[PDB]
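Okay, here we've got a single chain as structure tokens, the form deposited without nicotinamide-adenine-dinucleotide, with questions on binding and movement later.
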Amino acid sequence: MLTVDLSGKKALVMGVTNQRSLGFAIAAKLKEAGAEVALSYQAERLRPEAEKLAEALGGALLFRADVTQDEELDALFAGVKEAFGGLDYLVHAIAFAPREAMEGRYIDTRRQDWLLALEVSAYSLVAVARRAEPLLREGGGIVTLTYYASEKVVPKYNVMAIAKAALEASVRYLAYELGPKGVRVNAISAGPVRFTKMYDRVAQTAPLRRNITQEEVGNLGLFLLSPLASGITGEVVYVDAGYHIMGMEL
């Protein structure tokens, strides 16, 4: 048997607002493997849900920070440093675009909505990576979540596609800049996890003839963060039941 033992390792998991988060899936696997987890939450009004998520994980530390606020990120990382002493893993599961941007056409995206989507969904990785850098230990890593709309047109994903392209390019640059410290940076491109017509359409065309599960994403994040992935950096790894390899729908 192979064992993955992450006892003594420290993870910060950002962007989790409910148990269906792919981020929650990864945090759950990290806990199961033995790591200690800190969860960020956006604002004090959301602390109750954050407390519920921490209890759902069997225990986690909470910190308040809005990723648009540089001081609040500074305070978060000061808190992490004091509580953990250092960091091994950062899970970035932050994704946001204004509802108005996601309705209608990409060409019609308003300036402030476009910039906020990019700020929250892409720049946030840079902002947290920079602050994590002095805390991250050798062998440590950052993982983010993406979707294949970065490369292929998925109508109505709109500015989020563009944010994901910016996020994936960021992963590559950050991998180059963090690599000398022995810190790796990767993205997981996930398929949908079970509206119903969309899930069924994906399932008919995917090679595996089904949708992926939350646990499948969790397992890939565990692997990438673990020492089993020590040679892998700068990569976008697809967990999508093979869907994106298809050149037409079935």
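The numbering used is simple: start at 1 and walk along the sequence shown.
Below: the form deposited with nicotinamide-adenine-dinucleotide bound, not depicted.
S.K.: According to a 4.5 angstroms non-hydrogen atom cut-off, is residue 226 in contact with nicotinamide-adenine-dinucleotide in the entry with it bound?
M.R.: Residue 226: no, not in contact with nicotinamide-adenine-dinucleotide in the entry with it bound.
S.K.: Using 4.5 Å between non-hydrogen atoms, is residue 12 touching nicotinamide-adenine-dinucleotide in the entry with it bound?
M.R.: The answer is no: residue 12 has no heavy atom within 4.5 Å of nicotinamide-adenine-dinucleotide.
S.K.: Looking at the partner-bound form in the entry with it bound, is residue 28 within 4.5 Å of nicotinamide-adenine-dinucleotide by any heavy atom?
M.R.: No, residue 28 sits far enough from nicotinamide-adenine-dinucleotide in the entry with it bound that none of its heavy atoms falls within 4.5 Å.
S.K.: Using 4.5 Å between non-hydrogen atoms, is residue 67 touching nicotinamide-adenine-dinucleotide in the entry with it bound?
M.R.: Yes, residue 67 is a contact residue.
S.K.: If contact means any heavy atom within 4.5 Å, which of 58-66, 179-187, 28-36, 218-226 contacts nicotinamide-adenine-dinucleotide in the entry with it bound?
M.R.: Flagged stretch: 58-66.
S.K.: Pick from 95, 175, 136, 162: which has a non-hydrogen atom within 4.5 Å of nicotinamide-adenine-dinucleotide in the entry with it bound?
M.R.: When nicotinamide-adenine-dinucleotide is considered in the entry with it bound, the option within 4.5 Å is 95.
S.K.: For the stretch 161-197, I need every residue with any heavy atom inside 4.5 Å of nicotinamide-adenine-dinucleotide in the entry with it bound, listed N to C.
M.R.: In sequence order, 164, 190, 191, 192, 193, 195 come within 4.5 Å of the partner.
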